[PDB]
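One structure below.
All Cβ positions, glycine included, derive from the backbone under ideal geometry; neighbour counts span all protein chains shown. Rule-based calculations on the coordinates, nothing more; no lab input.
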Amino acid sequence: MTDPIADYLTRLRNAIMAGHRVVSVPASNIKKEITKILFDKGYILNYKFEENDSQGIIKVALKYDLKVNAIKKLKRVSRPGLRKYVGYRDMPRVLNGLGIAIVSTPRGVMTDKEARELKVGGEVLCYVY
Amino acid sequence: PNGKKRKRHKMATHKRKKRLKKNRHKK
Amino acid sequence: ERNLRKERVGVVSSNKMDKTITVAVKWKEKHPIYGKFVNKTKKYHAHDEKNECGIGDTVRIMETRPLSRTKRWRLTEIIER
Amino acid sequence: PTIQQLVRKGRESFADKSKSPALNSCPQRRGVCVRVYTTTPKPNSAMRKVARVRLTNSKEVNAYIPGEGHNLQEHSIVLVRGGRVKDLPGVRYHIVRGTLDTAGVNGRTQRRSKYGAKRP
Amino acid sequence: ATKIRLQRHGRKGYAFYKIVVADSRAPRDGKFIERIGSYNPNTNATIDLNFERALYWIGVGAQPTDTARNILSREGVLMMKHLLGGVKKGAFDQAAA
Amino acid sequence: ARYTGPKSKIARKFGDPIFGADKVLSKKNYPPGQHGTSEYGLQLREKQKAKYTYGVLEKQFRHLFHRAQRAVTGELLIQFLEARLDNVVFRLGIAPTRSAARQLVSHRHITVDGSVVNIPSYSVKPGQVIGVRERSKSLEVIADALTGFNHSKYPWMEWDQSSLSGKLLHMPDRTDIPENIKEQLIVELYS
RNA sequence: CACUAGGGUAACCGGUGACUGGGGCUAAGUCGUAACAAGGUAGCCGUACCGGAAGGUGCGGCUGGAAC
RNA sequence: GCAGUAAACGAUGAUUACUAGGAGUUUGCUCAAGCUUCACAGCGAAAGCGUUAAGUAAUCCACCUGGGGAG
RNA sequence: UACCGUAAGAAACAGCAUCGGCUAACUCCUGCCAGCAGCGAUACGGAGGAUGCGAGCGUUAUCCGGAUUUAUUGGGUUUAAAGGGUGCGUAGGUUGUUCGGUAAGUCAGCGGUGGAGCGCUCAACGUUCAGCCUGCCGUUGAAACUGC
RNA sequence: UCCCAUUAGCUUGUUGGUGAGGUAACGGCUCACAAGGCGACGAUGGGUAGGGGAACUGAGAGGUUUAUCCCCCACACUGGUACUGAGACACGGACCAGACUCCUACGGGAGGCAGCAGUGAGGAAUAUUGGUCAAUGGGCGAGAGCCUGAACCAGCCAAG
Ligand SMILES: [K+]
Ligand SMILES: [K+]
Ligand SMILES: [K+]
Ligand SMILES: [K+]
Ligand SMILES: [K+]
Ligand SMILES: [K+]
Ligand SMILES: [K+]
Ligand SMILES: [Mg+2]
Ligand SMILES: [Mg+2]
Ligand SMILES: [Mg+2]
């Protein structure tokens, strides 16, 4: 593997395109943080972490309307071939404020709203809407 | 796959290959 | 209450010359056009009163007046061998 | 290409050629009429008056003579400007009327400033 | 030497001078060390002046020109005689007149 | 420069009575020429209508337009056009038409705030006094246009006949200015 | 010690030259018909030999080919 | 022993992860490798590709910037 | 600033068949014109009208944007140009998961440095203050991610 | 902080040490052991540019170009050496060597127009052999003052 975060986003996007209800991922710490952010922001139905003999598994149940998914686009920003760093004063707005950007900061991993509230910058992992 | 594209390439190869033979054994 | 001179932390790259060493300082910086982060290295010449430095050593050097044609730095400390 | 490929190689930008290279980035040049002759267009079938002129910038070119009725001849000092004729291969320059040896078109009452005719 | 002078920074027929501190060898409208005010002779003459900086430069020894000396005579910049502690300790107030 | 040409031709071209009342507005009313349209044509007609009705040439009109853009742009361009020395003099009724007002301003006859201003493009800010020269308060032509007519139909002029001055209360809104100009067309053309 | 001046060999940058060969465009005068249909011997790629000319043939490959 | 070229072609570089169905076939035993044609989503200018992608993504390399002149 | 006596001294240039705003008649039927579709005439030359701009109007020359026609932002490679004949491999680029250190990248703080008026009778233009310094350097802290 | 690999090795006071001399001053700056140093992060060699803020122009990314203006650098027909000076590439100072041009009275001497203005040529193309130190700024002078082709002005030019 080259970019596990991009792989996670791609797995979610492919499951959404195929219209599945659940999706499984090999677990990681930053991906646990990302799926927690997504669940508290209201893009997926729920999640579950299973700590097995391997590194672990993340099972994500997605959110559909009464048949349109809650997620429309996932875009990886900081790839290994080109890392992206930004401050709080120059942080971007996704879909003109109707979408989020996951950002890793010295205070932790949160979105652009919380990062601008706390006045801190870092890595822009992905745009989600 | 028009066909006329390869005709120009074939024709200029003929001029090049013929021009060298006129002076091959010609010292 | 003096002024401060430039200090550089680096790795010894050559010591075959008497009383002087060469220090390599390497750092990663952002490319201006494409924004990628690339590695750059610079070589300094430093003055050491004893040939006590072998190939490869985390050291610190300090700016001085010209001590030779190309010698403007002096050794200050050795972090590790 | 990849980011590292662009870092190693970069992008190359060419230079656009000038449509009037014999002028040497000048608006007009001065020449002498080496030859005055007539040419045929490349579906027109006219008789277009042209002059071969050796410019002072050490270059010889062909210049069209616009208008009806030219008093020019061989070995005449003329002013040459840019501008080409579509249906004539070769020529890419015009001769300014009313300047130096070239005279303005006689009997012109419209478009006078493009052919060097004074107000009647 | 270091001088206090005026550079013509205006328009033809409307002279507006900048009061600067500059070397005597510098060009008239060229290089200067510090800007200390403005001057306009067209009105009935508005003068802007940095009192503290003008005092500092006239104390360290910048020689003013004739017109700049008159400008410093106005606005009470040449009160160094009174500020030299001439057998006194109080500060007089001649600005009201 | 100035137009100084035939006015009835422009009046018949545009249909509206921009210069005033005339017999040709009702007799032989059609665009001029012995031989007499795309949205470019209508936009050009609107822009030329504004230019001819306000006596402004192209460069000055463009400067006015982008000044209004810098500071609805089409809405305040019209009030910028209205706020002019010749236009204000004409609207105060002291001169018959806009050309007459322009000539009166250009000659030494009109003062602003007690000082004579003879530039017939001077923008007049609100809360300013425009008055006839005290040496020209007794002209034969200067009185018949103001006295007798006495329109006073604009709720942004104060007249004060007892001093022959006048004041601009504020810039009128785009609905209260009696000009048949679609500013949307002009701002679309210049955009 | 070197600014020059002098001879000589070596470079690079340039002109000209008895004679001898490509290319582009305009005319189209001549000679055939190579390709486009199974274009009347399917076409093309490489290579070798041979012809006024387009080309022909041998060996291998391809379908960007019919037809079975 | 030289030479180093081809319609040296799937005219489609290598690696990794994921995403629908039908018809056959070979080997290891209903399952997993491989082998070829119809064909969802998607992609494409279209012909078409479609788990052996020309779909969704990440890493590195090679190459292109109108046609002749001209490999 | 003021005084007489007078509209008296003061308007050109380009293009009107489509793109584009602006059309009758006479010539020529080569002479010609063109930025393109091209016409050789609602396209050539004149006459009458029209439409732009206006003390200017057109022609040529040079440089930018539309052009994403070098594509980091922001392009592509089956058939339009474009995958090396195929591998092995050096330098270089990239790096599964997790526990700690460090502080090179990264982030933050603190210092140093580098529109509103007024006057031109109006305007170009002069001039002043609010306003960026967001580039570089020094000095303190943070540890999610990259590096060690 | 520009292109060229149809530019791959370069350097022999070149790299360092000891000592001495010299300089306003450190130093191969110079002079009497070890051998090194620099290079695919482009040494070396070749071609072309004075460099910045400005200015123009793009939403941005930026880009183009230094026409006026300001800051730094280099230069004064071409080279070499210095001298005097607080300070010199010495712009209205030398000496010598090279072009070139001018005058003598053949024994001998002069100029460098990259300061401001006439004129000629080159070119498509760019002006007066003008006035004043009244203002600003310089030099000298105790001051008065003297000088200032800097500068203020005026003249000419479709002229932005
Ligand atoms: K005064
Ligand atoms: K045939
Ligand atoms: K055949
Ligand atoms: K094959
Ligand atoms: K298919
Ligand atoms: K001295
Ligand atoms: K003076
Ligand atoms: Mg004007
Ligand atoms: Mg191809
Ligand atoms: Mg292949």
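Taking a sphere under 14 Å around the Cβ of residue D:30 and counting the other residues whose Cβ falls inside, with K and R at +1 and D and E at -1, yields a net charge of +2.
Looking at chain D, send over the antiparallel percent of its DSSP beta bridges, to the nearest 5.
90
If you take the Cα atoms of region F:101-142, find Rg, then find the Kirkwood Rh from the mean of 1/r over all pairs, what is Rg/Rh? Walk me through the numbers on the way to the answer.
Working: Rg = 10.1 Å, Rh = 10.6 Å.
That ratio is 0.95, to two decimals.
For residue F:9, go through the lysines and keep the ones whose alpha-carbon is under 26 Å away, minus same-chain ones fewer than eight residues off. Within the straight-line limit of under 26 Å, residue F:9 reaches these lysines: F:23, F:27, F:28, F:47, F:49, F:51, F:59, F:182.
The label point for residue E:16 and the one for residue B:23, both projected 7 Å from the Cα toward the Cβ, are 7.7 nm apart. Report note on the peptides C:27-39, A:40-52, A:68-80: ranked by the mean count of other C-beta atoms within 10 Å, highest first, their order is A:68-80, A:40-52, C:27-39. Normalised Debye scattering of the protein assembly as shown at q = 0.09 Å⁻¹ gives log10 I(q)/I(0) of -1.21, counting only Cα atoms as equal scatterers and leaving out solvent.
Per residue of C:23-34, other chain Cβ atoms within 10 Å of the residue Cβ number 1 on average.
Pop the C-beta distance of residue F:153 and residue F:9 into the FRET formula with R0 = 35 Å and round what comes out to the nearest 0.05.
For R0 = 35 Å, the calculated efficiency reads 0.75.
Every Cα-Cα pair of chain D was included, and the share exceeding 25 Å stands at 35 percent. Backbone amide hydrogens, once placed in the peptide plane, bring residue A:56 within less than 5 Å of A:27, excluding anything fewer than 5 places away on its chain. For the protein assembly as shown, a simple Cβ point-charge model (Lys and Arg +1, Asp and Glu -1, everything else neutral) yields a dipole of about 6120 debye relative to the Cα centre.
By its C-alpha gyration tensor, with a ≥ b ≥ c as the square roots of the eigenvalues, how is region A:76-115 shaped: rounded for a/c under 1.5, else prolate for a/b larger than b/c, else oblate? Could you put the intermediate results ahead of the total?
Numbers: a/c = 1.74, a/b = 1.23, b/c = 1.42.
Oblate.
Within region D:6-120, what is the number of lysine pairs with alpha carbons under 20 Å apart, leaving out pairs fewer than eight places apart on the same chain?
Numbers: D:17/D:59; D:17/D:86; D:19/D:59; D:19/D:86; D:42/D:86; D:49/D:86; D:49/D:114; D:86/D:114.
So the count works out to 8.
With no solvent and one equal point scatterer placed on each C-alpha of chain C, evaluate the Debye formula and give log10 I(q)/I(0) for q = 0.15, 0.18 Å⁻¹, two decimals. The Cα Debye sum returns log10 ratios of -0.57, -0.75.
Need one word for chain F: rounded, prolate or oblate. Basis is the Cα gyration tensor (sqrt eigenvalues a ≥ b ≥ c); a/c below 1.5 gives rounded, then a/b vs b/c decides. Please report the intermediate quantities before stating the final value.
Working: a/c = 2.00, a/b = 1.37, b/c = 1.46.
Cα axes put chain F in the oblate bin.
Taking every DSSP helix (H) stretch of at least 4 residues in chain F, weighting each as -39,500 (n - 2.57) and dividing the sum by the residue count yields a mean residue ellipticity at 222 nm of -11500 deg cm²/dmol. Distance between the pseudo-spin-label points of residue A:61 and residue D:118 (7 Å out from Cα toward the beta carbon): 10.0 nm.
Do me a favour and compute the ellipsoid semi-axes for region A:1-105 from its Cα gyration tensor, root of five times each eigenvalue, largest one first, whole Å.
The equivalent ellipsoid of region A:1-105 has semi-axes of 23, 19, 13 Å.
Which translational diffusion coefficient, to the nearest whole µm²/s, is obtained for region F:23-89 from the Stokes-Einstein equation, given a Kirkwood hydrodynamic radius over C-alpha pairs, 10 °C and 1.306 mPa s? List each step's numbers first, then the result.
Details: Rh = 14.1 Å.
Rounded, D is 113 µm²/s.
Applying 1/(1 + (r/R0)^6) with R0 = 56 Å to the Cβ-Cβ distance of residue A:123 and residue E:81 gives a FRET efficiency near 0.25.
For region D:37-95, a Kirkwood hydrodynamic radius built from all Cα pairs, placed in the Stokes-Einstein relation at 20 °C and 1.002 mPa s, yields a translational diffusion coefficient of 178 µm²/s.
Global dimensions of chain E from alpha-carbon coordinates: Rg and Dmax equal 14.6, 50 Å.
Net charge of the neighbourhood of residue E:54, taken over other residues with C-beta under 14 Å away and scored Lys/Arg +1, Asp/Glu -1, is +3. Note on residue E:53 and residue C:76: with the Förster distance fixed at 56 Å, the Cβ-Cβ geometry gives a FRET efficiency of about 0.85. Alpha carbon centre of region F:15-73 versus region F:80-108: separation in Å? With region F:15-73 and region F:80-108 each reduced to a Cα centre, they are spaced 18 Å. So what's the gap between the Cα centers of chain B and region D:28-87, to the nearest angstrom? Value for the Cα centre distance between the two parts: 40 Å. Strictly over 20 Å apart at the Cα level, which of C:6/C:30; A:41/A:72; F:7/F:153 would you flag in this model? Cα-Cα > 20 Å for C:6/C:30; F:7/F:153; rest within. Taking a Cβ cut-off of under 15 Å around residue A:51, the surrounding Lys, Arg, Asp and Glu residues balance to a net charge of +2, with basic ones at +1 and acidic ones at -1. Looking at the protein assembly as shown, the DSSP beta bridges with both ends there are about 95 percent antiparallel. Modelled this way, with points 7 Å down the Cα-to-C-beta line, the labels at residue F:177 and residue D:71 are 5.7 nm from one another.
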